[PDB]
Structures are given as structure tokens and as C-alpha cells.
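Q: First the structure, which I've put down as C-alpha cells, then a few questions once you've had a look.
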Amino acid sequence: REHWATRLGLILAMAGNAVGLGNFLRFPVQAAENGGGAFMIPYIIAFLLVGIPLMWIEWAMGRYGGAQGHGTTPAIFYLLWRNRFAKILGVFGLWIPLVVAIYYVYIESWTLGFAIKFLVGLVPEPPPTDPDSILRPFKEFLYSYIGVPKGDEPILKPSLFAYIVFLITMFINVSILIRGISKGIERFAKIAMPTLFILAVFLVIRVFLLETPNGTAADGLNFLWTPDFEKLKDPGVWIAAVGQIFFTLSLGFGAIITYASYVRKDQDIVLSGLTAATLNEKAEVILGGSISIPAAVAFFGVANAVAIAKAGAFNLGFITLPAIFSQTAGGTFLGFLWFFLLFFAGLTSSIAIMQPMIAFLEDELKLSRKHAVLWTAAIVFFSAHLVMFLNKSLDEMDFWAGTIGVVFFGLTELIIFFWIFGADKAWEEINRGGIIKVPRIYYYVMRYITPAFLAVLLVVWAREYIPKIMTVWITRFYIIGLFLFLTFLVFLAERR
Ligand code: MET
Ligand code: NA
Ligand code: NA
């Protein structure tokens, strides 16, 4: 079985798995929509009670399975719980990263295409002192690239350039993935993560220098770090906080498990997972939180920044921030750096979510690495046409697979590992070979606090939020077919 070549490379590949678009696009939106600093008290709490324990649990399950040649949750759930229903529940660990990949690589292609056009200077030229006169050209720029209808008709018409960039992005993902774990993902992570850090630091420094008559970036930093204890009672704040922790840490996507399956049987996983989780949080709260919101607040004020963030997740990243840059010296090249930062973040994360499907085809169906990568590329590329041309299909996939799915699967893996497989056996497997050992209190957090926390979250989410959500049926129909297809592939694997 393949294994990570170096200790540093494993850490940077796991950091590249965690540090993604969610750090710079989803997190600023989630923070601004939920009270700014009010979002930060539950966030930190969730990171301590859910993020860190589930990270260690997914690392342990990955390495345990990889020691037996299984990097995917169907086989791993069966090894932890010899039952056919465990294999069915494992199918979710292939279904989530596939559906997430279908729209995540497409969003990644957006960043690459915007990076290209901004580098070449093919950007709108707003008239040099109206907020709408500056925002509207970039709103049309994004709407033309993805093909947003001027009305609400549910058909999208992406530009030919966007489609070509999507093919190029799929090609780039394949070129990295086809070279394996050590010579592909690891070697590229060693390059992308320093590039990602440097770009983020330069953007943070440049944003800190922004001052307009409406405020400064310091006001955005204040808003982000001003506590609001009156929101701690709101369940919606905790739902967003835990969902953001799940998303940003790649928990419940099956990616951490698959990556950890290439960690050697005796190599450390406690400090490694802790370092990767800490690197992700530094990138998120320090770097991600200091670019979008501070620049937005500096130009528009705290009032309009929150309103723009409420306009959607893409508005802050693809319309507002490029427009704000368009009013500063050289801001087009600054916008290029922003989208290039986003692209490397998306790329290091997209290779991670597509590795589970690759690992299943390699481990269980005995396909070659080339054919596993190429067939995974085919399934993702083909299925992506649904997201490309059917309006609001991307949102439905992110809800079922990337939002409810990850929390349900996180509770599922925790219960299989710490309740069915054995709390003491799981604790021994987590701490085995660790350069440091997990604090004793976390044993009770993993056994009682985390599953009770996640169970209450899911119950609240089901009773209070999902009935309202219940052409979206086309997307539901298709992703159900994807689950049946993976179920059939699991059936073929066990029959072999
Ligand atoms: C594509 S891996 C899941 C998302 C990733 N953790 C992010 O923060 O963007
Ligand atoms: Na992240
Ligand atoms: Na990434």
C-alpha cells in the first residue's frame, strides 16, 4: 500500500485537505450572518468538543483501516462492526465526497477562471462614487460567467470560457491525483501550502492598509472579535458554528479517513491530527477572517457588510471583494492574488475529496491508480453537468451531502468507533504510537459529550429546519441514483 513519504508532507497534505474555500468564502459569510463575534464563542467551543475529537477519531479509523488495505468507510465500518448494515452505512462515506466533489470542483473552476481573467485584465471597468455603480458590473461579471438567469427560470447557461476552465481544472486535479499519494498529493501540497500561506499573508497586510471615510479594516476586525453573549441561546448560531467546524475540518466527508489510511501502521496520529486541525484554524480565523470582512467593513461599514454577506456566500467572494479591490491602486492584480489563493485552497481540498472514490476503486475493486483516477474524473465531470446547467442544484447537493450529511456521518462513525467497536479499544487505537497522548477528559468527550451534542443538533435540525426545505427533485433523484450506484459497486466488491 502507498504511504506518505515524509512527516512534513503528511501534515501539509492534511492541512491542504482542511484549508479550503470554506476558510476564505464560507467562514466569513457564516461569521457575518450570525452576529460576527457572537459566532466565535460557539465556534471555539465546537472546535474543542466536536472538531478535535472527531479529527482524532477519523485519523484513527483511517490508519486502522489502511493497516489492512482499506481506505474507505464501507470496508472500514465492516472491520469495526462485522455487519452488513455497517457496509451500507459505509456507502455514505463514498457518497458524501462524490456529491461534494460534483459542485466543489466546479466552484474551484470559478476561482481559476476568475484568476485568469483578473490576471489578464479582462475585468469590468466601473465608472470612477456610487456603491451600486461599482458593484453592478461585477455582479453581472459573475452572473455571465456562471450563467445566472435574469429571472428565475431554472436553466443555467455557463459561458464557453467557464466550461473550458472547468475541463482544465478537472485536468489539473487529475494530473495531481494520478501521480499517487507521495509523488502526487504530497509533493503538490508541499508547494501549494507555502504558496497559500504567503498569498494569504500578503492579502491580510494589504487589506489592513485599507481606509475609507466609512471605516477601516480594524473596524471589521473589531466586529469579528466583539463578543455577543445574548446569542448563545440561539440554536441557529450553534447549528451554523458546528456546521462550519465540520465543513472547514473535512469531518464527515470521508477525506480524513482516506488520507489517514496512507499513514503507516505505527506512525503518530495524535499530534499530526492536532497540528493539521490547528493549521486549519489559524488559516480560518486569522487569515480567512482578516481579508473579506475587514475590506468589506472598511468600504461600506459594519451595517452594509453584514447585509452584503447575507446576500449570499458567493456575493462576498466573487462580487464584493473584487469590486472593492477595483477601487484601489492595482486592485485587479490584487483580485488575481485573491482568486489564486482561492484556487490553490480549492485544489488542495478537491484532490482530497476525490481520493475516497479513487481509494475504493483501488482497494476493493483492484483497479489501477490510473484507471481509478480517470474513472473518478469521468463520474465527477459527467455528474457536474447537473450543477452547471440546473439552477439551485448546487445548493441542494451542499445541503444533503455537505451539510446534513457530514453531521449525520460524523455521529455515525463516532458511534461505530467508540460505542460498537469499543470505547476502550478506540481509545487505545487513537493514542497508539502518538508522540503525545490525548488528554484524559477527551475520553469522556468522545464517549458522551460529542455524540450527545451531535444527536441534539441533528434532532433540532430535523424538527425545525428540514421540513421547510421539504427541479430540486431532479437533483434529489440523481444523488439517490448515485447512492444506489455506489451500493451496487460495494455489492460487486464483496462478491469479488
Ligand atoms: C473539499 S474538503 C471539504 C471543504 C473544506 N474542508 C473547506 O474548508 O473548504
Ligand atoms: Na477549512
Ligand atoms: Na485545500
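Numbering starts fresh at 1 for the residues of each chain in the C-alpha cells, the chains themselves are lettered A, B, ... in the order given, and ligands are numbered from 1 as they appear.
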Give the residue list for ligand 2 at 12 Å, counting only C-alpha atoms and all ligand atoms, as a VMD selection string, sorted by chain and then by residue number.

A: chain A and resid 14 to 28 51 243 to 251 276 to 285 287 to 288 342 345 to 346 348 to 350

Q: Can you pull out every residue from region 176-405 of chain A that DSSP, working from the backbone, puts in alpha helix (DSSP H), and format the result as number ranges by chain?

A: A: 176-177, 187-208, 217-225, 235-248, 255-260, 270-281, 292-310, 313-315, 321-325, 331-363, 369-389, 393-399

Q: Using only C-alpha atoms, which residues sit within 10 Å of residue 188 (chain A) once same-chain residues fewer than 2 positions away are excluded, as a ChimeraX atom specification?

A: /A:9,12-13,16,176-177,181-186,190-193,347-348

Q: Any chance you could export the current selection's N, CA, C and O atoms as a short mmCIF file (atom, residue, chain, number, x, y, z; two decimals), in the first residue's frame?

A:
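Saved as out-v4.cif:
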data_model
loop_
_atom_site.label_atom_id
_atom_site.label_comp_id
_atom_site.auth_asym_id
_atom_site.auth_seq_id
_atom_site.Cartn_x
_atom_site.Cartn_y
_atom_site.Cartn_z
N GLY A 9 5.22 16.34 4.79
CA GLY A 9 4.30 16.23 3.67
C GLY A 9 2.92 15.76 4.08
O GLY A 9 1.91 16.26 3.58
N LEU A 12 1.19 18.75 5.74
CA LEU A 12 0.76 19.77 4.79
C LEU A 12 -0.34 19.26 3.87
O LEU A 12 -1.18 20.05 3.41
N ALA A 13 -0.37 17.96 3.58
CA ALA A 13 -1.46 17.40 2.78
C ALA A 13 -2.76 17.38 3.58
O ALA A 13 -3.84 17.64 3.02
N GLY A 16 -3.83 20.92 3.73
CA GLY A 16 -4.44 21.24 2.45
C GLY A 16 -5.80 20.60 2.28
O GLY A 16 -6.66 21.14 1.58
N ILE A 176 -2.61 15.86 -10.76
CA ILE A 176 -2.09 15.72 -9.40
C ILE A 176 -2.44 14.34 -8.84
O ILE A 176 -1.58 13.64 -8.30
N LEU A 177 -3.71 13.94 -8.97
CA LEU A 177 -4.17 12.71 -8.34
C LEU A 177 -3.56 11.48 -8.98
O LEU A 177 -3.34 10.47 -8.30
N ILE A 181 -0.17 9.21 -3.92
CA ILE A 181 -0.20 9.89 -2.63
C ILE A 181 1.10 10.65 -2.39
O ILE A 181 1.09 11.87 -2.17
N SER A 182 2.23 9.94 -2.44
CA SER A 182 3.51 10.55 -2.10
C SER A 182 4.03 11.43 -3.24
O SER A 182 4.47 12.56 -3.00
N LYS A 183 3.99 10.94 -4.47
CA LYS A 183 4.51 11.68 -5.62
C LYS A 183 3.49 12.63 -6.24
O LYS A 183 3.84 13.37 -7.16
N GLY A 184 2.24 12.62 -5.77
CA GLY A 184 1.23 13.49 -6.33
C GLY A 184 0.65 14.48 -5.34
O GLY A 184 0.91 15.68 -5.42
N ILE A 185 -0.15 13.98 -4.39
CA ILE A 185 -0.79 14.85 -3.41
C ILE A 185 0.26 15.47 -2.49
O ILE A 185 0.22 16.68 -2.21
N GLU A 186 1.20 14.66 -2.00
CA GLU A 186 2.17 15.14 -1.03
C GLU A 186 3.12 16.16 -1.65
O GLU A 186 3.38 17.22 -1.06
N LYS A 190 3.26 20.25 -0.56
CA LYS A 190 4.47 20.92 -0.11
C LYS A 190 4.73 22.22 -0.86
O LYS A 190 5.46 23.08 -0.36
N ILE A 191 4.16 22.38 -2.05
CA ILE A 191 4.29 23.60 -2.83
C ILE A 191 3.11 24.54 -2.60
O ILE A 191 3.29 25.75 -2.47
N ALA A 192 1.89 23.99 -2.55
CA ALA A 192 0.70 24.83 -2.50
C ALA A 192 0.53 25.49 -1.14
O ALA A 192 0.15 26.66 -1.05
N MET A 193 0.78 24.74 -0.06
CA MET A 193 0.56 25.29 1.27
C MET A 193 1.47 26.47 1.60
O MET A 193 0.96 27.46 2.16
N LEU A 347 -8.05 23.58 -4.78
CA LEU A 347 -7.38 22.46 -5.43
C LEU A 347 -6.85 21.46 -4.41
O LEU A 347 -7.04 20.25 -4.55
N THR A 348 -6.18 21.95 -3.37
CA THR A 348 -5.68 21.06 -2.32
C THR A 348 -6.81 20.36 -1.57
O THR A 348 -6.58 19.31 -0.97
#

Q: May I ask which of the residues A:289, A:151, A:335, A:410 is the closest one to residue 225 (chain A), counting only C-alpha atoms?

A: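 Using only C-alpha atoms, residue 225 (chain A) sits closest to A:289.
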
Q: When you look at residue 31 (chain A) with a cut-off of 10 Å (counting only C-alpha atoms), what residues show up, excluding the ones that are within fewer than 4 positions of it in the same chain? I need them as a PyMOL selection string.

A: chain A and resi 26-27+35-40+43+223-224+237+240-241+244+285+289+293+306+309

Q: For the residues in that selection, give me C-alpha atoms as a PDB file, in the first residue's frame.

A:
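Result written to out00.pdb:
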ATOM      1  CA  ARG A  26     -17.876  30.188   3.734  1.00  0.00           C
ATOM      2  CA  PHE A  27     -16.412  31.180   7.118  1.00  0.00           C
ATOM      3  CA  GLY A  35     -23.507  38.149  14.671  1.00  0.00           C
ATOM      4  CA  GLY A  36     -19.796  38.404  13.923  1.00  0.00           C
ATOM      5  CA  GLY A  37     -18.166  37.918  17.307  1.00  0.00           C
ATOM      6  CA  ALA A  38     -21.318  36.187  18.533  1.00  0.00           C
ATOM      7  CA  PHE A  39     -20.421  33.428  16.050  1.00  0.00           C
ATOM      8  CA  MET A  40     -16.992  32.979  17.670  1.00  0.00           C
ATOM      9  CA  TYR A  43     -17.256  28.206  17.141  1.00  0.00           C
ATOM     10  CA  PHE A 223     -16.775  43.394  14.689  1.00  0.00           C
ATOM     11  CA  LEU A 224     -15.399  39.890  14.153  1.00  0.00           C
ATOM     12  CA  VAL A 237     -25.885  30.082  15.944  1.00  0.00           C
ATOM     13  CA  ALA A 240     -24.020  27.302  11.879  1.00  0.00           C
ATOM     14  CA  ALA A 241     -20.996  27.038  14.193  1.00  0.00           C
ATOM     15  CA  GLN A 244     -18.793  25.386   9.855  1.00  0.00           C
ATOM     16  CA  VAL A 285      -9.813  32.708  11.927  1.00  0.00           C
ATOM     17  CA  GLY A 289     -11.377  36.283   8.798  1.00  0.00           C
ATOM     18  CA  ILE A 293     -14.935  41.061   6.190  1.00  0.00           C
ATOM     19  CA  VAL A 306     -23.462  42.157   7.109  1.00  0.00           C
ATOM     20  CA  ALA A 309     -22.785  38.856   3.491  1.00  0.00           C
TER      21      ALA A 309
END

Q: Could you pull the residues within 9 Å of residue 319 (chain A), counting only C-alpha atoms, minus those fewer than 2 positions along the same chain, as a ChimeraX atom specification?

A: /A:135-142,314-317,321-324

Q: Report, in Å to a single decimal, how far apart CA of residue 357 (chain A) and CA of residue 72 (chain A) are.

A: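 We find that CA of residue 72 (chain A) and CA of residue 357 (chain A) lie 8.1 Å from each other.
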
Q: Could you name the residues that touch residue 111 (chain A) at 9 Å or less, counting only C-alpha atoms, but leaving out those on the same chain fewer than 6 positions away, as a ChimeraX atom specification?

A: /A:318,338-343,346

Q: So which one's closest to residue 267 (chain A), A:301, A:434, A:236, A:69? Using only C-alpha atoms, please.

A: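 Result for the nearest residue to residue 267 (chain A): A:434.
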
Q: Of the candidates A:102, A:180, A:444, A:491, which one gets nearest to residue 479 (chain A) if we count only C-alpha atoms?

A: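 The shortest atom-to-atom distance to residue 479 (chain A) comes from A:102.
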
Q: Can you work out the spacing between CA of residue 44 (chain A) and CA of residue 238 (chain A) in Å, to one decimal?

A: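 Between CA of residue 44 (chain A) and CA of residue 238 (chain A) the gap is 10.8 Å.
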
Q: So how far away is CA of residue 174 (chain A) from CA of residue 351 (chain A), in Å?

A: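 About the pair CA of residue 351 (chain A) and CA of residue 174 (chain A): they are 8.2 Å apart.
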
Q: Find, counting only C-alpha atoms, the residue in A:41, A:415, A:165, A:274 that gets nearest to residue 107 (chain A).

A: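 Under the stated criterion, the closest residue is A:165.
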
Q: From the options A:439, A:126, A:97, A:312, which residue's atoms come nearest to ligand 1, counting only C-alpha atoms and all ligand atoms?

A: A:97
